[PDB]
């Protein structure tokens, strides 16, 4: 794709260049390829990224981490396996395809799947601005005296300098993913770090890999266990503690009949379900994604735990402990020492031990309400009284017909789980979704 001057009115502007946005670029590429598309000027497009270059959750690129989805659900295959942008094609291009096969694995390393996506991302370098974090989407009318909005202005603070530029577009896509979630009862402290910053910020706080540190992990999801399992290797002399409110780490559900809610086609049937059944579906199918660990990592962790029992039959004296059904009441981070003091209570409804730590990893997951801050200026374009954005099946936010021109729009991606299903936040349907997105955004063009 060719670059568009900043000054010009774009056909489409995307906020975020993670997997979801990247899949749109790919599908737009493919739709325009006469090789893959017998039908096939070029659309004027731009992607804006807070990061200085493409990375995929670098703060959680723990050594040994695997991806949790089949390599077949890559960025292109499910829409079209002929596509240039498939995992297998990427592998072939690196000279690794015969070698990957010999693993007989469906689950590449996280590190490798990032490079596949980085290899995709580099081919849209003409149309992606990096280090540009979007601070607001603002309505605009080509006819200032008229009462009709037909474009949107999107402004971003430069990460390096701080300068704010603007780029005008008819259509907007917010694919920003998630923001780190932090329990409200936790104080602000450099010792207190969220899982998303584990690889990037913990090495600078605990600079000595040799030192007898005390480290704690709050959580029982996938992040929790990866960190907890990594701490034993990365800090061999540390005493690690895993605090969780549940009784146990629970296996993630990938069973073939359950796993079909992740089918691209099921999105239509899911969307069509009532709110009662959607709330019901997500709550029953919870263990496909949330607060669950991969079985193999549970078994790996348990087996380490058992090894300690062979060495010492007294559990309180182990190096690496698990404390189930505990909440945190007080944190003391003003004591003169290098170690802050964590107070614990039974997570059961109606005073346990007190821990001293050099760091606290909080692996409490992610929220997905980040678009609100960007769209508050655009809130007055909804139907009267509507205090929440309503996404349609094509992902366009319902707006007011008399206030917004049909050419103008805003789509959301990765936040629509409550309307589209458990696959929305994930990699599952990105190939097909991207293709569908190219259909709603550019479909006027692509028909002629």
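The term rigid core refers to the maximal set of C-alpha atoms that superpose within 1.5 Å between the two forms. Numbering follows the first chain given and starts at 1.
Averaged as a root mean square over residues and superposed structures in 6 other deposited structures of this protein, CA distances to the shown form are larger in 334 to 342; the pair compared was 229 to 237 and 334 to 342 with a core fit.
Compared with other entries of the same protein, residue 268 falls outside the group left without coordinates by a third of them; all model it where both flanks are modelled. In the record comparison, residue 350 is unmodelled in at least a third of the other entries of this protein that model the residues flanking it. Where residue 40 is followed by residue 41 in the displayed chain, the model omits 4 to 9 of the deposited residues that sit between the two. Going from residue 314 to residue 315, you skip over nothing: the modelled chain follows the deposited sequence without a break. Stretches 255 to 263 and 94 to 102 differ in mean C-alpha B factor, with the higher average recorded for 255 to 263. Comparing 66 to 74 with 375 to 383, the higher mean C-alpha B-factor in the PDB entry belongs to 375 to 383. Listed residues 86, 241, 123, 279 were ranked by CA B-factor as deposited; 279 comes out on top.
Per the deposited record, 274 carries the highest C-alpha B-factor of all listed residues (274, 303, 291, 223). Sorting the modelled residues of the chain by their CA temperature factor places residue 152 in the middle third.
Residue-level temperature factors show residue 408 in the middle third of its chain, judged at the C-alpha atom. Residue 183: CA B factor lies in the middle third for its chain, per the PDB record. Looking at the C-alpha B-factors along this chain, the one for residue 137 belongs to the middle third.
In the PDB entry, a CA B factor belonging to the lowest third of its chain's modelled residues is recorded for residue 365.
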